[PDB]
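The data below hold one chain only, encoded as structure tokens and taken in the form deposited in one PDB entry.
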């Protein structure tokens, strides 16, 4: 089957691990070791193609040396949390990092606004839409707690990779 190398990036605490674990195990984690970085595998049918997703759940090596495992990534989920203004403001840094590791301004990428189930919103959907439009990428809101938008964010990334290269 076809392998898709996905990388999940973003500020600590936005829900990178919870989004990955919800996608793979259909379960929401109340806590997950903030320092653990690992790649997880998931076989799934997307638009009739049997795909092997190899997802790197980053812990933030550069912020806390270069992460050698990110360089082979074909697509990136850039995650902020809708109740964490700082994580949204940090999106510029992660996008610059992705451009640097791939030496390109045309990288398959999806801006993800996680924790959409929470009522303490500080990042408006229009702020995230403006940011995603300047980068030329899709913006999707998710909840790793309720699974709302989770499959869509990962499948949209797979579709963005296909849009960029033959798979």
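Note that the rigid core is defined as the largest set of C-alphas that superpose within 1.5 Å between two forms. Residue numbers count along the first chain shown, from 1.
One more form of this protein should be noted, the form deposited in another entry, which is absent from this view; the next part is about it.
A.B. asks: Only one of 35, 43, 120, 125 crosses a C-alpha shift of 2 angstroms between this form and the one not shown, counting 2 angstroms or more, core aligned. Which residue?
C.D. replies: Meeting the 2 Å or more criterion is only 35.
A.B. asks: Answer with closer or farther for the CA-CA spacing of residue 21 and residue 36 in the other entry compared to the shown form; it moves by 3 Å or more.
C.D. replies: Relative to the displayed form, residue 21 and residue 36 draw closer in the other entry - a change of at least 3 Å between their C-alphas.
A.B. asks: Closer or farther: how do the Cα atoms of residue 38 and residue 108 compare in the other entry versus the shown form, where the change is at least 3 Å?
C.D. replies: Result: farther.
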